[PDB]
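Q: quick one: initial chain(s) of a complex, as found there:
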Amino acid sequence: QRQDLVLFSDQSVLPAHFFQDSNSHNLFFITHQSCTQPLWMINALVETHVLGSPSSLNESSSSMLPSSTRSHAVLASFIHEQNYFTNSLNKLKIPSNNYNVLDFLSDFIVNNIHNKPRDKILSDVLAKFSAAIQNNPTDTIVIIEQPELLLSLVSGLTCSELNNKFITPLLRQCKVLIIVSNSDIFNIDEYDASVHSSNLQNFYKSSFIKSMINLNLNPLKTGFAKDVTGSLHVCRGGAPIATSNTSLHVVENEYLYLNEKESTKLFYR
Amino acid sequence: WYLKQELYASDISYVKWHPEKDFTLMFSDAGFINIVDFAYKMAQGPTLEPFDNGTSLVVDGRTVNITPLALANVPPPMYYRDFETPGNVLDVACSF
Amino acid sequence: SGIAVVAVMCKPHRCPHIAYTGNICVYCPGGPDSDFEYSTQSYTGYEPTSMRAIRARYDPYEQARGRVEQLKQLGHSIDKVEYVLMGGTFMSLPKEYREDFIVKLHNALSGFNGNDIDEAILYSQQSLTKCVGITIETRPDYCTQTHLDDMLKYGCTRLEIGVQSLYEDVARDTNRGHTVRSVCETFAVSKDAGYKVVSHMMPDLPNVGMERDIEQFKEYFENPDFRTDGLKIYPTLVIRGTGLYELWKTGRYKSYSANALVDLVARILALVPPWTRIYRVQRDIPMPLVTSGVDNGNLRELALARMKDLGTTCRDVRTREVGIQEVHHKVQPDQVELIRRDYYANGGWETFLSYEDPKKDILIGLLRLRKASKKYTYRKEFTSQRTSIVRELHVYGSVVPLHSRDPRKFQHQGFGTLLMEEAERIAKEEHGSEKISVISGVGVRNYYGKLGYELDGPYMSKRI
Amino acid sequence: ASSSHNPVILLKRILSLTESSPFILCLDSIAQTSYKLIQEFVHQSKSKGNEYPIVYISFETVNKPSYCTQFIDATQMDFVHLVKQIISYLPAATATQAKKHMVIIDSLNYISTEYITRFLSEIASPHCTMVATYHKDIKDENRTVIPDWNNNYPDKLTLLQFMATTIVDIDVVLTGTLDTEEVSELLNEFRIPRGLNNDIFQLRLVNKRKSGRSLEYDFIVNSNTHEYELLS
Amino acid sequence: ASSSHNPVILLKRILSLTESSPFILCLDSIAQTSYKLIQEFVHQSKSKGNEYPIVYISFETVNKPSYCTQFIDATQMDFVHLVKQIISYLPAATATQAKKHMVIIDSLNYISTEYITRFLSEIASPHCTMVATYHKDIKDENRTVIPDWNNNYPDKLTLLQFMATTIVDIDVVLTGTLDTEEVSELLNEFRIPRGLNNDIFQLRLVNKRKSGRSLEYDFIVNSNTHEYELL
C-alpha cells in the first residue's frame, strides 16, 4: 500500500549538492488549510536535511535527536512561544545545540514592538537572523512560519514594504528559504476578499511568484472520513531552479495522506 | 481455510509476531532465540510452447490438489485430481 | 423493441409465518389487519397500481388488459411484455386460484378462451405479443420441490427471495419465520433449476451498528454462499402504521443522520462484483407518511460525487450497459474484447461471458452458464447424465453501429450466435457434458429453436 | 505592403530588434509566469548579434540573471536616483548617432501610478528599448490615492495600454484535464492543481502602426527549440 | 394578565403602545415614506384615551406637524448641544410602558456612526420612549466606515438592527399593471412610473422577546380606514 516520498528527478527529497553550490538561492512555499497543521512535514524536512532521510514517514524515528550533527537547522516562528518550541519540539525531539529556535510571541508584544518606530522594528527583526546565522554559514536550512500575521501587527503596513524589508534580504543572505503559511482568507464562504481585503492575498501571490516549489496540504472534499485525512499536492513554483546541473527538474504527483498518533501514511487513489 | 504450513520442534516457550513486519514470528527452544521468515510464492509448471499448459498446484494438509489451466478453469475453492500423502506437505515441485 | 413491464396484484391474504410469531414482520406496512384492510401487505393501497387494482376488484384479466391498452394508446407499440406479481406471499393461496390466475394472464395476450393450462401455454407459445417471463415473489418456507415444479410449469423465470440480514438475532427480533442458514440451501436448490435469484437488504435496523452493516455486506459479497445475481437495497424508513413507529414512540429506536448513510452507501457501491445488477438504491417510497429517516430520491446522485472524491467508481451491470440500440452511440466506441470470468457459488461452478470495451468499461452482451452438480439436482431431465444450463442470455448487442468494423447491413444480427457457439465450445470441452439446456419464457421458444434445441418438458435442450 | 509579408517574420523582426520599438509591453499572470520571453529575447536577438549591455533592473528578484550582463537592485533607490543610475549603462539621450542596448524590468506592480508617465519621459530615447512585464493578478494599493468623488484619474491598466506601441499577452496552453472555468475557480480559492506553468505557451500579439489601425493575431510558442506557429 | 396575543391584536398592541421599549426603528425608502405610519401611531394610540406628549427631532422635516407638542430643529445646531437640549423636554423617570414623553425622529442618516452609541446611550431613559426612522436606499457616506485595513467597525444598517428593540419596515403596493422589477429598472434610471406613494402599504415587523428570540410578522395595511389584516 505505502508509497515512497520523492520530490525531484534525482530520486532524493533534499539534494546534498544544493548546499555544495555557491552563488545560488532557492525558495520553497508551503500552504496548509488551517483545519490541519503541517508540523509532520516540517519534522520530515528537518530530519531529511540533517539525517539524510525522512525519519518519521519512510524511516523509523527511534534515534530522532539530531543534536550536535555536522549539519545545522534554524527555525523561527510567531504563532507559538519559546516555551512551546522547547517543550514540544524536544518532546518531538527536534535538535537543540546544532540548532537555533526563535520565538517572537512571548513578551515580544508588550511594549517591545508596540509604540515604537516601524523602521527600528523591521531592522531589529532582520538583524536577529542576520546575527544568528553568522556562526554556521553554509550548512543550515531556515524555515519561517506564517510571517504575514506581522502585517496585521505593524500599524498600517502593505505587502511591498514588508516583503522588501524582511523576505528578500533573508533569502539573499541565506542559502535556501522555506516559508509556510495558511490560506483561510481564500476560503470564506459567500464572501469575496477581492472586494477590499486584497492586501494579504498580494503577499501570497508574490510569494508564489518568487517560489521554486509549492507544497499544498488541503482537506478532503464535502465530507469527513476515517481512513484518510487530507490531500498532498506538489507543484513547480514561479521562479526557476538556480542549480548548476541541467538534467534537474521536479516530479509531478499527488498523494493522499492519513495522520494518526504522529504517524503519517501516504498512498494513491 | 487451508493448512499452508507446519513447523516442528521439541519445545515451546512463547510465540510473538512482529508489529511492523509480518510473517516473521518469535519462538524459543530450551533457551534458544529463534526467528523464522515466510513469503508468498506461487508454484507453476513449464511455460514454453512445446509443453505449454498452465498447471497450478495447491497444498492442503496431507493432500495435494492440481488444476491444469487452459484445459479447465476450475475455481479456487473446488479442485481437481487430488491425491492424499501419508504425511503433511511443506513444498512441491513439478516436472517439465 | 417494445419491452414492457405490467405489474399485477393478487387478492389480499395473510402470510402464515405470522402464526408462529404472532404478527407481521416489524417493518411491513399496512395489511388486512391494519386500517386500510383492502390492500395486500407491504403496500399502503395509495399507489397508482393499487388504484387500478381496486377499481377492478383485484382481477388479473382487467388489470392486464387495461394497462396494456393504456400503454399502447400513449404512443408506444408493445410486442414484448414481462409480468411481475406483487403483494404478500402468492404461493400460500389454494391450488385452483393460482392455476386460474396464470391461465387468465396468458389468455389475456394470446387471445385464447380455454382451460387446461397445458393447452393455454401451448397456444401462448405460438402467439404474437410474446411474453418474456414472469417474476414471482415467494419466501424460503415455500420453495420446496413441489412448488418449484409448479413454478416451472407456470412459466416463471426469476425469483426474488429476501434475506434482510445475515445475523441471527435479527431473524427472531423482526418476527420473520426462518433461520438464516436455510436460505443458503434454498439458493442451492433453486439455482440448479435455472432460476435467476435476487435478494433484498436493508442497511439500518434496530440493534445494528454502522460496523455490522459494513461487514454484513462484505461477508455477503465475499462468502461463496451469498453470491447471487442481483440485489435491492432498501434504506429503513419509518411509516406511522408500522411496528417500527411504536419503537420510536416508546423511545426504543433512533435512526442515522444524512452523512452516515451517504458514507455507508458510498462504501457499499465500491465493492459490487461485476456480475450483479444493483437494482435500486433510490427506491420508491410513500413520501408524506414517513416519520423518521432521511430523503431518498437522489442518494446515488450524491454517492457518485463521493466516489469521484475517493476513487474506484461503481462497476455494476446497470452503469455499464449501452442498450439495444443507440443509447450512447453519439460517439464511436473503442476496442471490443471478450471477457470470461469463473466463480464458485452454491455448490457448483459457474461461468460469465461478456463482450466489453476494456479501456472505458462498457457492456454489450452477456451470458451465464452453470455446470450441474450431483448433490442438488432432482429433475428427471438433469438426473440422467452430466448437463449444463444457460441460466440467462442477454444481448444488448443488437446495436447497429459499433467499433472494429461492424457488419455493414448485417448489423450484429449474428452477434448472439458468437456467444452461443462460445458456450457450446466449453460445454463440449471443459464440462464434458452430454446435454445442454436453456431456460426461457414461453413467448421466445423459437429464437432458440432455430439453433437446433428441441423441446422436452419446460426446457430447450440438445445433446452432444 | 512589400514588408513583413508573414506574421512570423514580423515577430522575429520585433524580437531581434531589427525594427526599433520605443516601447513594448508584455502581460502575464500566476497561471503562466513571464521569464521565458526573456529567454526568447536572448536567443533570437543574438542571431543578429546584440551583445550590447542587457541591463536587468530588478525590484523583487533574488537571483542574478545569467543571460543578462548587468544587475541592478532597486530596493533602496528613489525615482530620481533610479533614473539617474540607469542613464550611465544605457545610451542616454546624448551622442545623437550611437548604438542601442537592452532593458529588462522584472516587475511593474511595485511602482506607484503617480510617476508612471514620467518614468517613460526622462528616459525615452531612440537609443533605449524598454521591456517590462505586468502581473494582472495583483490589485494595487489605493488607500493613499483616496479615490473619492473629487480625487480621480485613470487607472494603471489603461495608461499602460495607451503609451504602448506593441502589446503581447501570455497564456498557458491547456494540455490535460483542466478547463478555464475550474482553473480560474481553483486559483480563486488557491488549490493550484497540476497542469500549470509549462514551457509551451500561447501569445496574443497587437502591433500598432502610425496613422492607422493596429493588427491583432495569435501565436503558439515553444520554449524548447525556439520555434513558432501562427494561429490557424 | 394578557399573554399569547392574537397576531392582529398583538399588532394593535404594539401600535396602541400597550408595550413599550426605549428604542423603536422604522425604515422607509423613496417608494413609500412613513407619514401615514405616524398617522397610524397617533390614530391607534390616542384612541385608548391617552395624550402621549410628543417631542420632535427633525433632520428632513420642513414644517411642524400636528402630532408633536414641542419643537426643536437640529439642522443648524450640532451634537454637543443636542445632548443638552434632548433632556430639556424629557424628564428622567421610569415607566416607558405608559403615558410619557415620546421622542420621535424623522431621519437618522445624518449622524456619524462613530457617535451613534454615544448618542443613544444618553437618550433611552426609562421615562424616554424613542422612535426613529432610517432611509434604506440612500447610500451611507463613504467617510463613516473608513474602508481601510484598520477599521473593522460595521456599517450603519447592521448597527441599528442589532441595537433597536423592535424593527418595522414598510413598502408600497403597486396597484398598477407593472412589476417591481420594472419599478427598480426605472428607479435606477431615476424614473417614476405612476403608482408610488400610495396609502395601502405592506409592513414587516420584528420584536425581540423571550430573552432574545424573534418572530417575523407580515400583514396588509390600509391607512385610510385603518384596516390591519393578514396577508
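A: Sure thing, it's come through. Numbering: from 1, shown residues only, chains lettered A, B, ... in the order given.

Q: CA atoms for contacts and neighbours, from now on please.
A: Will do.

Q: strands of the stretch 301-450 of chain C, start to end?
A: Under the criterion DSSP state E, counting those that start in this stretch, strands of the stretch 301-450 of chain C are mapped to C:337-344, C:349-357, C:362-371, C:388-395, C:435-438.

Q: dump those to CSV, plus mean neighbour count.
A: Compiled in CSV, the strands of the stretch 301-450 of chain C are given as follows (neighbours: other C-alpha atoms under 10 Å in any protein chain shown):
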stretch, mean neighbour count
strand C:337-344, 14
strand C:349-357, 20
strand C:362-371, 22
strand C:388-395, 20
strand C:435-438, 21
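
Q: how about the residues of chain A by chain D?
A: A:24-25, A:160, A:164, A:168, A:171-172, A:183, A:186-187, A:198-199, A:202, A:205, A:208-210, A:216, A:218, A:233, A:235-236, A:238, A:242, A:252-253 (C-alpha under 8 Å from any C-alpha of the partner chain).

Q: among these, name the buried ones.
A: Buried by 16 or more other C-alpha atoms under 10 Å in any protein chain shown: A:24-25, A:160, A:168, A:171-172, A:183, A:186, A:198-199, A:202, A:205, A:208-210, A:216, A:218, A:233, A:235-236, A:238, A:242, out of the residues of chain A next to chain D.

Q: please list all residues in contact with the closest residue to chain A within chain C.
A: Relative to chain A, the nearest point of chain C is residue C:311 (5.9 Å; C-alpha to the nearest C-alpha). Counting by C-alpha atoms under 8 Å, 6 or more residues apart in numbering or on different chains, residue C:311 touches residue A:269.

Q: turn the strands of the stretch 301-450 of chain C into JSON lines, columns for distance to residue C:194.
A: Below are the strands of the stretch 301-450 of chain C laid out as JSON lines (distance: least, C-alpha to C-alpha, whole Å):
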{"stretch": "strand C:337-344", "distance to residue C:194": "16"}
{"stretch": "strand C:349-357", "distance to residue C:194": "12"}
{"stretch": "strand C:362-371", "distance to residue C:194": "8"}
{"stretch": "strand C:388-395", "distance to residue C:194": "5"}
{"stretch": "strand C:435-438", "distance to residue C:194": "8"}
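
Q: strands of chain B, start to end?
A: Counting by DSSP state E, one finds strands in chain B at the ranges B:26-28, B:33-35, B:55-60, B:63-68, B:80-84.

Q: the residue of chain C found nearest chain E: what's it in contact with?
A: For chain C and chain E, the shortest gap (C-alpha to the nearest C-alpha) falls at residue C:291, measuring 26.7 Å. Taking C-alpha under 8 Å, 6+ apart, we find residue C:291 in contact with C:237, C:238, C:239, C:240, C:245.

Q: please list only the buried members of the residues you listed.
A: Listed as buried from these are C:237, C:238, C:239, C:240, C:245; burial here means 16+ other C-alpha under 10 Å.

Q: of these, which is the nearest to residue C:458?
A: Minimum distance to residue C:458 across the buried ones among the contacts of residue C:291 is 41.1 Å, recorded for residue C:237 (C-alpha to C-alpha).

Q: skipping adjacent residues, who's closest to that closest one in space?
A: In space, and not counting its chain neighbours, residue C:237 is closest to residue C:293: 5.3 Å by C-alpha to C-alpha, 6 or more residues apart in numbering or on different chains.

Q: now do the one you found against residue C:251, distance only.
A: Counting by C-alpha to C-alpha, to the nearest Å, the separation of residue C:293 from residue C:251 is 15 Å.

Q: okay, the two: which has more neighbours?
A: The neighbour count for residue C:293 versus residue C:251, taken as other C-alpha atoms under 10 Å in any protein chain shown, is higher for residue C:293 (18 against 9).

Q: one more chain, chain F:
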Amino acid sequence: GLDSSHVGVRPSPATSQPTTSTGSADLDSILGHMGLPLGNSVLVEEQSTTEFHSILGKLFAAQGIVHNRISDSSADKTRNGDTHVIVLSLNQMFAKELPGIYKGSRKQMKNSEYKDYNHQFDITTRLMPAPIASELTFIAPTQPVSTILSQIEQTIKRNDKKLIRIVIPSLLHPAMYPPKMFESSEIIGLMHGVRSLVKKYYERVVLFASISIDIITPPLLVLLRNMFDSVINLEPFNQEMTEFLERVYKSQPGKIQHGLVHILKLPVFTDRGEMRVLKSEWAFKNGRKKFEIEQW
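A: That brings us to chain F, laid onto the chains above:
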C-alpha cells in the same frame, strides 16, 4: 521547581495529561479529553441574538469558586486548591449572579493528590453567597492594553500558589467597546500577548471567552479564530423547525430543543494533524439543572 496549587484536576484518559473540568454535563465530554486540558483555551459561538452562551459563561467561573470554597474546613482532605478568577467586563452584575450548588458530589471516581471533579448545578438556585475581592477581581476593558498586560502578570506573579482561571464575558460587545478598539492591531495584539502569558504559565492557567459573530466582518473572525485552540458553534433552529417540532412533540416538554452544535477545533488532538471538524450532528438544550448536549 516552584510551589503550585491545582484546584482540581484528573489525568486525561485520552493522553494521560492534567485535565480540569468546566463543570458542564456533555461539553466536557465532547472536548475529547472528558475535560479541558491544562493550557488550551476554548471558544463557544452563537448564531443569533439569543443569549444561551451567557449561561455557560457563568457556570465555569462558579465551579472554580466552589472548588475553592468547599476546601476551607469543609473538605476533610483539606487539599490545596486555590483560584483567583479574573473577569473583564464593564458591568459588575456577575458579582451577584453565580448560581447555587445543588448537592455537591465532587467525586471523580466512576503538590497534593487531586480527586476533585465536577459538581451538580441548578440554574434557579443562586449561590450562597459570593466570593470577596480576595477571591475574585474585576478589570474594566476600556483601559489601555499596557496597564492590563502589566496588571495580569502582576496578579499572577504575586499569587504564585493560586490556580488561574480567566473569563471574558461577551468580548466585542458594541455597548461597551468603542470603535477605537475595533481597529485591527489592538485586539489581535491584546490576544497575542494574552496567549503569550497563558502559555508562559502552561502548568495551571486556563482562559475562556465568547463573542457574537453576526455583527463581525469575516476577516476579523478569521484573524481571531487562529488565536485560540478550540471552537464550538451553537446555531439555534429557525422558527419553522421549532413550530414543526412543537406540532409533532405533543407528549414531551423536555424533548424540545433550540438548535445544533458544530465542532471546529479541539485541544492538542488537532496540533498533531487531526481532522476534527464535525458539524450538523449534535443538538444543544438549556435546562433547569445544567446544559445538555445530545445527538440529533
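
Q: center of chain F - which residue?
A: The residue lying closest to the centre of chain F (C-alpha atoms, centre = their mean) is residue F:208, at 4.2 Å.

Q: mind checking the SS state of that residue?
A: Three-state assignment for residue F:208 (DSSP: H, G, I helix; E, B strand; the rest coil): strand.

Q: and it, what does it touch?
A: Residue F:208 sits next to F:41, F:42, F:43, F:165, F:166, F:167, F:168 when contact means C-alpha under 8 Å, 6+ apart.

Q: of these, just say which sits nearest to residue F:123.
A: For those, the residue nearest residue F:123 by C-alpha to C-alpha is residue F:167; the value is 18.9 Å.

Q: what sits opposite the residue nearest to the centre of chain F in the beta ladder?
A: Judged by DSSP bridges, the bridge partners of residue F:208 are residue F:42, residue F:167.

Q: can you put the contacts of residue F:208 in TSV and add neighbour count?
A: Shown next, in TSV, are these (neighbours: other C-alpha under 10 Å):
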residue	neighbour count
F:41	23
F:42	20
F:43	18
F:165	18
F:166	20
F:167	20
F:168	17
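
Q: can you put these in TSV and add distance to residue A:80?
A: Conversion of the contacts of residue F:208 to TSV gives the following (distance: C-alpha to C-alpha, whole Å):
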residue	distance to residue A:80
F:41	14
F:42	17
F:43	19
F:165	21
F:166	20
F:167	22
F:168	22
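
Q: now the two most distant members of those.
A: Pairwise over these, using C-alpha to C-alpha, the maximum falls at F:43 and F:165, 14.4 Å.

Q: show me which residues of the stretch 151-296 of chain F sit near chain E.
A: So far as C-alpha under 8 Å from any C-alpha goes, the stretch 151-296 of chain F lies against chain E at F:175, F:179, F:182, F:183, F:184, F:185, F:215, F:216, F:217, F:220, F:239.

Q: of those residues, which pair is most distant in space?
A: Distance extremes for these: the farthest pair is F:185 and F:239 at 38.7 Å, using C-alpha to C-alpha.

Q: so which of those two has more stuff around it?
A: residue F:185 (20 against 14).

Q: you'd agree the more buried one is in a helix?
A: Yes: with three-state DSSP as the criterion, residue F:185 is part of a helix.

Q: from residue A:109, how far off is the residue nearest to it when sequence neighbours are not counted?
A: Excluding the flanking residues, the one nearest residue F:185 by C-alpha to C-alpha, 6+ apart is residue A:153, at 5.3 Å. Plainly put, residue A:153 is 9 Å away from residue A:109 if you go by C-alpha to C-alpha.

Q: so what sits against both of these two?
A: In contact with both residue A:153 and residue A:109: residue F:189, using C-alpha under 8 Å, 6+ apart.

Q: could I get the residues of the stretch 151-296 of chain F next to chain E as a markdown table with secondary structure and distance to residue C:73?
A: Converted to a markdown table, those look like this (DSSP: H, G, I helix; E, B strand; the rest coil; distance: C-alpha to C-alpha, whole Å):
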| residue | secondary structure | distance to residue C:73 |
| --- | --- | --- |
| F:175 | coil | 74 |
| F:179 | helix | 75 |
| F:182 | coil | 73 |
| F:183 | coil | 75 |
| F:184 | helix | 73 |
| F:185 | helix | 77 |
| F:215 | coil | 63 |
| F:216 | coil | 64 |
| F:217 | coil | 63 |
| F:220 | helix | 66 |
| F:239 | helix | 49 |
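
Q: so which of the residues you listed is the closest to residue A:43?
A: Once C-alpha to C-alpha is applied, the member of these that ends up nearest residue A:43 is residue F:220, at 31.0 Å.
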